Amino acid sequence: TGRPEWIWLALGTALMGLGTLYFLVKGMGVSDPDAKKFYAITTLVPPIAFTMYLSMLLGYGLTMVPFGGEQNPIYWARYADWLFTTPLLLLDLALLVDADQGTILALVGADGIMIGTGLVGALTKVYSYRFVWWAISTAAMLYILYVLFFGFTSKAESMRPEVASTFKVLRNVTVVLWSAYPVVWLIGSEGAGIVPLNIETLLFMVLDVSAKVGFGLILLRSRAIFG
């Protein structure tokens, strides 16, 4: 076919593939057991994004959903990707500040609701209900951010400054990048259709890559990962 944003899918697959190998390589030359924990988790995040980007580049994970008088193109492979990568990122932040089991389970659960309702909204045919789902998905997100900001940050103070300070950088990159997603969804293909798919795809890879490979790098090159 050759859709305009394939170029962006091509750069997403590429960046994610590099990050994967570099983390893999760096992670298997590490003997520390906790370092090993963070490395296994993080190195798992980019490959999952890689395959989902590949398929899309190659033509899968796309479906035409009717609404607005149009047959709209929704890249659902995007959710099959985030469903597994967002909770692995949360877990990565949660292990850092020694979050409790209830917090994690709730952060991950809340995270399950967000990608699920978001997907249901991306699939919904009554135009206005799409925004209802989008609404529930976003509120689930605000709960997660509130927890990362209010809860986690507090427990990171029971950690060394090197640890509390690697966390606030990662928590900040997460608050800023996550904040953007619901807005992209809104003004683009899933929502208003103001921003065309090709610019939306570009916006999405820039965030996906910053939030994954960007997040991983900062985390795995830190000394705070060591037990």
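The numbering used is simple: start at 1 and walk along the sequence shown.
**Student:** Return whichever of 136-144 and 75-83 has the greater mean Cα B factor according to the PDB record.
**Tutor:** Taking the mean C-alpha B-factor of 136-144 and of 75-83, the larger value falls to 75-83.
**Student:** Tell me which stretch has the larger mean Cα B-factor in this entry, 13-21 or 215-223.
**Tutor:** If you average the C-alpha B-factors of 13-21 and of 215-223, the larger mean comes out for 215-223.
**Student:** Using only the C-alpha B-factors in the record, can you name which of 165, 51, 172, 179 has the highest?
**Tutor:** So the option with the highest C-alpha B-factor is 165.
**Student:** Whose C-alpha has the highest temperature factor in the PDB entry: 99, 89, 123, 126?
**Tutor:** The record points to 99.
**Student:** If you rank every modelled residue in this chain by C-alpha B factor, which third holds residue 199: lowest, middle or highest?
**Tutor:** It belongs to the middle third of the chain when residues are ordered by C-alpha B-factor.
**Student:** Which third, lowest, middle or highest, does the C-alpha temperature factor of residue 192 belong to within its own chain?
**Tutor:** Middle third by C-alpha B-factor.
**Student:** Among the modelled residues of its chain, does the C-alpha B-factor of residue 119 lie in the lowest, middle or highest third?
**Tutor:** CA B-factor rank for residue 119: lowest third.
**Student:** Quick check for you: using the entry's CA B-factors within this chain, is residue 183 in the lowest, middle or highest third?
**Tutor:** Residue 183: CA B-factor falls in the lowest third of its chain.
**Student:** Taking the chain's C-alpha temperature factors as the reference, tell me which third residue 156 falls into: lowest, middle or highest.
**Tutor:** Highest third - that is where residue 156 ends up once the chain's C-alpha B-factors are sorted.
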